[PDB]
Amino acid sequence: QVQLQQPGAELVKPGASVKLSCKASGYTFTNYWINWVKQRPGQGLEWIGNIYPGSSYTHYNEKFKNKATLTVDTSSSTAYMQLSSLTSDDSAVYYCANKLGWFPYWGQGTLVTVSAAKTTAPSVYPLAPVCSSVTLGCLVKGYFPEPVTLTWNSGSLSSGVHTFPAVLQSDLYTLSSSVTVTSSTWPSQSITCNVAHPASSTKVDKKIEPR
Amino acid sequence: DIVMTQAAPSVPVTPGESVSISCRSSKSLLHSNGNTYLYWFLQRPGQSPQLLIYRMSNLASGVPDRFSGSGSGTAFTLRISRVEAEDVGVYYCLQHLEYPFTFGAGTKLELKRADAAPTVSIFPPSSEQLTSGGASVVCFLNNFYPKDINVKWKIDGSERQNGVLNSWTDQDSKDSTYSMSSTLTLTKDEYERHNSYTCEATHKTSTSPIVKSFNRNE
Ligand SMILES: O=C(O)CCCC(=O)N[C@H](Cc1ccccc1)P(=O)(O)OCC(=O)NCCc1ccccc1
């Protein structure tokens, strides 16, 4: 499988630099270009620059020439982008992408949050119905920074799911998700919320129990 | 630099209709080698861009043939036949003829589906959260259309406004509806001081609100 692996997130202090990694597998890392793309929440894509791993030849978008430095480690098949003196304008999702012949493959992207605040793990709460179909929920409250990844029954249950975008309020994020199944199905068959928060290396599971 | 212009910030179509997305370049993308260096990608919320078209008119493997790309040397079109829920997202063109590589600003596809009233569900604070010291009451307003909707919370019959946190999803990838989650956060003492909790949803599909409620000590 051709794949590019990127960390889900990086919390960086204002003014400090950050070095993003992009680990490649599934093809010969040295023979293809690694490109880097920036995307602010809700905005469009921007090309930052690229590098040829076998030789480290690089091209930069003038706009990012004084901000980014691209390198690679052929011995670990990893590409890196170091960004200097971050400010709030650097908060964004940064993707790495390669090009094999005509085909580009993208990493899942790293969400860089420039902040002086400390990383805070979420409190995950199961939402069972008040003491046809039934709707269950999961509340992921008070974390920072973005993002969190939420699934149900480890990704097995995906139909009838609504995962709401995280909303920032009082300097902490809150996100929630609901899932609707046939009532005869629950609680006989368990339903569990799996929440992962990259920045705090935490991954929790909350089984929804009847009240 | 080559300027890639996508004239339409957004385009609305109702499910089933065909649609065309335009992108223009400030200079011909047709190389002397005969290839036209233009890509079209679809990006869905929270996903990395996905390849649709390469070489201006080649359909990428795995992409439904409802999609196609054509163009002159500077005017390009991405055509989507029989638009459906999974096609909603932002479409981007990209030229890779010359450095620096440049993207179009993107065109958002919006699906104007049929109106639908929200299905509401209310949830009291979890025992875990209460033990923890706080109390959040959640209401989900699901699968409704259009996007505009309002929620009012009432504690013991009186409207409560501070402590509310609302969030709308993007159009559902399967039925193109929207859903919204509203969370009322109180202190545990506050929560334990009242009994009747209600969330009322008003959507244009009706003048009377869809409401759900519960009594704490029942
Ligand atoms: O100097 C020149 O004539 C060409 C300069 C651009 C270039 O080398 N493009 C290459 C194709 C090409 C070949 C011959 C003539 C024109 C274009 P190329 O697209 O392989 O460039 C290497 C590269 O890194 N491309 C990345 C494109 C890409 C960027 C970000 C996301 C997805 C795709």
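Residues numbered from 1 in each chain as written, not as in the entry; some residues may be left out. Chains lettered and ligands numbered in written order. Heavy atoms only, no water. Residues with missing side-chain atoms left out of burial classes, pairs and counts.

Method of determination, as annotated in the archive: X-ray crystallography, at 2.1 Å resolution.

Per the PDB entry, chain B goes by the name IMMUNOGLOBULIN MS6-12 and belongs to Mus musculus. Per the PDB record, the entry is named "HIGH RESOLUTION CRYSTAL STRUCTURE OF THE COMPLEX OF THE FAB FRAGMENT OF ESTEROLYTIC ANTIBODY MS6-12 AND A TRANSITION-STATE ANALOG".

With the PDB entry as reference, chain A is termed IMMUNOGLOBULIN MS6-12, source organism Mus musculus.

> Sorry if this is basic, but what is going on with the interface of chain B and chain A here?
Quite often, the size of an interface is put as the accessible area lost when its parts meet. Contacts between the two partners involve 44 residues from chain B, matched on the other side by 42 residues from chain A. Here chain B is connected to chain A by one salt bridge. In this structure, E128 of chain B engages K206 of chain A in a salt bridge whose closest nitrogen and oxygen atoms are separated by 3.2 Å. Counting every contact that joins chain B to chain A gives 16 residue pairs in polar contact. Looking at the side of chain B that touches chain A, the elements that each hand over two or more residues are β4 (38-43), β5 (50-54), β12 (119-123), α1 (127-132), β13 (134-144), β16 (164-168) and β17 (178-187) of chain B. Taken together, the residues that form the side of chain B that touches chain A break down as 22 nonpolar, 19 polar and three charged. (Contact = heavy atoms within 4.5 Å. Salt bridge = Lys/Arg side-chain N within 4 Å of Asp/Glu carboxyl O. Polar contact = N/O pair within 3.5 Å; in protein donor to acceptor, adjacent residues only side chain to side chain. Helix = DSSP H or I, 4+ residues; strand = E, 2+ residues; numbered from the N terminus. Nonpolar A, V, L, I, M, F, W, Y, C, P; charged D, E, K, R; others polar.)

> What exactly am I supposed to notice about the site of the ligand here?
With respect to spatial proximity, 13 residues lie near the ligand, and among them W33, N35, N50 and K99 of chain A together with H96 of chain B are the closest. Residue neighbours of the ligand fall on chains A and B, so the site bridges chains. Within the side chain of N50 of chain A, one N or O atom sits 2.9 Å away from an oxygen atom of the ligand. One of the side-chain N or O atoms of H96 of chain B is found 2.7 Å from an oxygen atom in the ligand. The pocket occupied by the ligand, as judged from atoms lying within 2 Å of grid points, is the second largest pocket. A class-by-class count of the residues in the shell around the ligand yields eight nonpolar, four polar and one charged. (Near = heavy atom within 4 Å. 1 Å grid on protein atoms, 1.4 Å probe; cavity = no way out; pocket = protein on both sides within 12 Å on 5 of 7 lines; lining within 4 Å. Sits in = over half its atoms within 2 Å of the grid points.)

> Sorry if this is basic, but what is going on with the packing of aromatic side chains here?
Describing an aromatic ring pair means giving the distance of the ring centres and the angle of the ring planes. Scanning all chains against the criterion turns up 20 aromatic pairs over all chains. Seen in terms of ring centroids, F164 of chain A and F140 of chain B are 5.4 Å apart; in terms of plane orientation they differ by 5°. Their pairing is stacked. With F164 of chain A in strand β15 (residues 161-169) and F140 of chain B in strand β13, this residue pair bridges two chains. Judged by relative accessible area, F140 of chain B falls into the buried class, the value being 0%. Grouped by ring-pair contacts, the aromatic residues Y95 and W106 of chain A together with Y39 and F41 of chain B constitute a single cluster. Here the guanidinium or amino end of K19 of chain A rests over the ring plane of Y80 of chain A, the centre of that ring lying 4.8 Å away. Geometry around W102 of chain A places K99 of chain A over its ring, the cationic atom sitting 5.8 Å from the centre. (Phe/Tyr/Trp six-rings, centres within 6.5 Å; stacked < 30°, edge-to-face > 60°. Buried < 20%, exposed > 50% of the residue type's maximum accessible area, 1.4 Å probe, protein only. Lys NZ or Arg CZ within 6 Å of the ring centre and 35° of its normal.)

> Even after reading the chapter, I still don't get the environment of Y60 of chain A, so can you show me in this structure?
Residues and elements named next belong to chain A. Looking at the secondary structure, you find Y60 in strand β6 (residues 57-60). Once the C-alpha coordinates of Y60 and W36 are considered, the two residues, 24 residues apart in sequence, prove to be 9.6 Å apart. Here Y60 is in contact with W47, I48, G49, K65, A68, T69 and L70, once residues within four sequence places are set aside. At 2.7 Å, the side chain of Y60 forms a polar contact with the backbone nitrogen of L70.

> Help me understand the pairing of strand β4 (residues 34-39) of chain A in this model?
The two faces of the sheet receive side chains in turn, since in a regular strand these alternate between them. Residues and elements named next belong to chain A. With six of its six residues buried, β4 lies for the most part within the structure. Residues of β4 alternate between two faces, with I34, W36 and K38 on one and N35, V37 and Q39 on the opposite face, all of them buried. Relative to strand β5 (residues 45-52), β4 is paired through six bridges, and the arrangement is antiparallel. Directly across from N35, in β5, lies its bridge partner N50. Counted between consecutive antiparallel strands, the loop separating β4 from β5 contains five residues, among which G42 sits at a positive phi close to 70°. The sheet contact formed by β4 and strand β9 (residues 92-100) spans six bridges and is antiparallel. From the neighbouring strand, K38 faces β9, where its bridge partner is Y94. (Pairing = 2+ DSSP bridges.)

> Just checking my understanding: could you explain the state of the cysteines for this structure?
What we call a disulfide is simply a covalent bond connecting the sulfur atoms of a pair of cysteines. Within the structure shown, the criterion is met by four disulfides over all chains. Note on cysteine connectivity: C138 of chain A is disulfide-linked to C193 of chain A, with sulfurs 2.0 Å apart. Between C138 of chain A and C193 of chain A, the S-S torsion sits near -85°, and that sign places the bridge as left-handed. Note that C138 of chain A is positioned in strand β13 (residues 133-143) and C193 of chain A in strand β17 (residues 192-197), a separation of 55 residues in sequence. Judged by its relative accessible area of 0%, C138 of chain A is buried. Here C23 of chain B pairs with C93 of chain B through a disulfide, and the sulfurs are 2.1 Å apart. The disulfide joining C23 of chain B to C93 of chain B has a torsion of about 80° about its S-S bond and is therefore right-handed. Taken together, the positions of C23 of chain B in strand β3 (residues 19-25) and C93 of chain B in strand β9 (residues 89-95) put the pair 70 residues apart, joining distant regions of the chain. Assigned by exposure class, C23 of chain B and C93 of chain B land together as buried. In chain B, the bonded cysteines, taken in the order they occur along the sequence, pair up as 1-2, 3-4. (Disulfide = S-S within 2.5 Å.)

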